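Report on the structure given below.
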Amino acid sequence: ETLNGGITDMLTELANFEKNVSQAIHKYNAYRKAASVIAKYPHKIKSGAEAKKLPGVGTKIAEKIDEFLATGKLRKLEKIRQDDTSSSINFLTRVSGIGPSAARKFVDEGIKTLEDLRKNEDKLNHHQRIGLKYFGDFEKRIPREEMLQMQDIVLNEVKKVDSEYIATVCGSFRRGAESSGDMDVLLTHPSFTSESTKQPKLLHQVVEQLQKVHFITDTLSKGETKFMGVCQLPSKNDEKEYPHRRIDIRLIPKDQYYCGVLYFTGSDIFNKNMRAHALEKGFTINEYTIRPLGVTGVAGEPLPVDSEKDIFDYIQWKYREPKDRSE
DNA sequence: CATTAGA
DNA sequence: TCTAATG
Ligand code: NA
Ligand code: NA
């Protein structure tokens, strides 16, 4: 956690690199398992050899470890860090819609910069066009203060269309958090569950609503159960207009809301731990349900959940407020 | 780890 | 269809 930080740190850097710039899923995979193990390791790594004794620890990495242990740097690391081409990939990739593949292709064509990016909007698909377009806005955190105003709004339409609609804004926001990156709204409805062969219109009505009033300005992706978009609070009585905010809303089979909702709420560690627990308590948890465990090794049979509670209850725990879902 | 675009 | 990008 700190005794092995640098090593892991350089390691991740290393890894991350093969992955994006190069197409070395392998090496890239190498660096990570190794990064994973040395991380665990209970002691100050003193040399390659020592490290080497490890699992996933080859001679390639031992080597890197020593040079880094000796000199507070790495050549390959310095070289990469410098590398323009490589610097460029790492950067374009910020655009919502640009991933490694496309980042490399763009470079190869010569789009290393944002401007380049612009001159060549034609070379860009709608997801990316918008990624570029709200680039600033997208990089910016979400003041809870605004979170609250947004939420206030969705809740209002959700209900205005059909009153049956259930919506929860999950995420860190839900976990109390001061700021957030984007708003995640978990949607569900009674007339929609496990079986009852969809009802696409269900998603589609609200989207149409939200856009109806100008809360949604753009569509990133919108399908029968997950709409990816762009929202924005009404820029008031002028002088201060609002930043453009990422927003995702999902339709949920009513029969598996709370497990889903439980989950998206996290935190990433609270989950695991929660999950780790259900297991002892003879269970299984995952993104949609919770099934009693059978001693044959495995077992099925999705228990019925009416709220975040049932789920606790089942695994027989203390209901923990979203606020303290930290770990 | 599953859902959407796109070509 | 596969393959990419987001979460
Ligand atoms: Na990106
Ligand atoms: Na393949």
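With the entry's author numbering applied, the first sequence closes on residue 335, and no number is skipped along the way. Virtual Cβ for every residue (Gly too), placed ideally from N, Cα, C.
>> Within the continuous beta strand (DSSP E) that includes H197, where are the two ends?
In response: Annotation: the continuous beta strand (DSSP E) that includes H197 extends over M191 to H197.
> For the candidate residues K60, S104, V115 and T79, whose alpha-carbon lies nearest to that of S95?
Replying inline: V115
> ligand 1: which residues have Cβ under 7 Å from any of its heavy atoms, chain order?
Replying inline: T101, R102, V103, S104, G105, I106, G107 and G139
>> Nearest by alpha-carbon distance to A307: which of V166, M282, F291 and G139 is it?
In response: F291
> Roughly how far, in whole angstroms, is the beta-carbon of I138 from the beta-carbon of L19, given that I think they are within contact range, below 8 Å?
Replying inline: Between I138 and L19 the beta-carbon gap is near 35 Å, outside 8 Å, which marks them as no contact.
> Touch check for the stretch 52–61 and the stretch 70–83: three-plus C-beta pairs under 8 Å?
Replying inline: yes
>> Check this for me: beta carbons of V215 and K234, under 8 Å apart or not?
In response: no
> Thinking C-alpha only, which one of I150, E117, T101 and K167 is nearest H135?
Replying inline: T101
> Mind checking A284: buried by the 16 CB within 10 Å criterion, or exposed?
Replying inline: exposed
>> Along the chain, where does the beta strand (DSSP E) containing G13 start, and where does it finish?
In response: Premise fails: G13 lies in the alpha helix (DSSP H), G13 to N28, not in any beta strand (DSSP E).
>> Using only the alpha-carbon positions, how far apart do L194 and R258 sit?
In response: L194 and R258 have their C-alpha atoms roughly 5 Å apart.
> Is it buried or exposed for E9, if we count other Cβ within 10 angstroms and need 16 for buried?
Replying inline: exposed
>> Quick check: what's the CA-CA separation for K220 versus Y250?
In response: 18 Å
>> Here's the rule I'm using: 16 or more other beta-carbon atoms within 10 Å means buried, otherwise exposed. How should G274 be labelled?
In response: buried
> Based on Cα-Cα distance, which residue from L218, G305, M282 and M191 lies nearest to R253?
Replying inline: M191
> For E309, which residues from the same chain have a beta carbon less than 7 Å from its beta carbon, with the 5 sequence-adjacent residues on both sides left out?
Replying inline: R299 and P300
>> At the level of alpha carbons, what is the spacing between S187 and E335?
In response: 19 Å
>> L122 and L132 - do their beta-carbons sit closer together than 8 Å?
In response: no
> What are the residues that DSSP puts in a beta bridge with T297?
Replying inline: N294
> Are there 16 or more other CB atoms within 10 angstroms of the CB of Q324, so buried, or fewer, so exposed?
Replying inline: exposed
> Should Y39 and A23 be called a contact, given that it needs their Cβ atoms to be closer than 8 Å?
Replying inline: yes
> On the premise that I255 lies in contact with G268, defined as a C-beta separation below 8 Å, what is that separation, rounded to the nearest angstrom?
Replying inline: Wrong, their Cβ atoms sit about 17 Å apart, outside the cutoff.
>> Quick check on the burial criterion: 16 or more other C-beta atoms within 10 angstroms. Buried or exposed for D276?
In response: exposed
> Is there contact between the stretch 156–168 and the stretch 201–209, where contact requires at least three CB pairs shorter than 8 Å?
Replying inline: No contact exists between the stretch 156–168 and the stretch 201–209.
>> Assuming contact is defined by CB atoms lying nearer than 8 Å, are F272 and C178 in contact in what I supplied?
In response: For the pair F272 and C178, the CB atoms are nearer than the 8 Å cut-off.
>> Quick check on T67: does DSSP put it in helix, strand or coil?
In response: Three-state DSSP puts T67 in a helix.
>> For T16 and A185, what's the separation of their Cα atoms in angstroms?
In response: 28 Å
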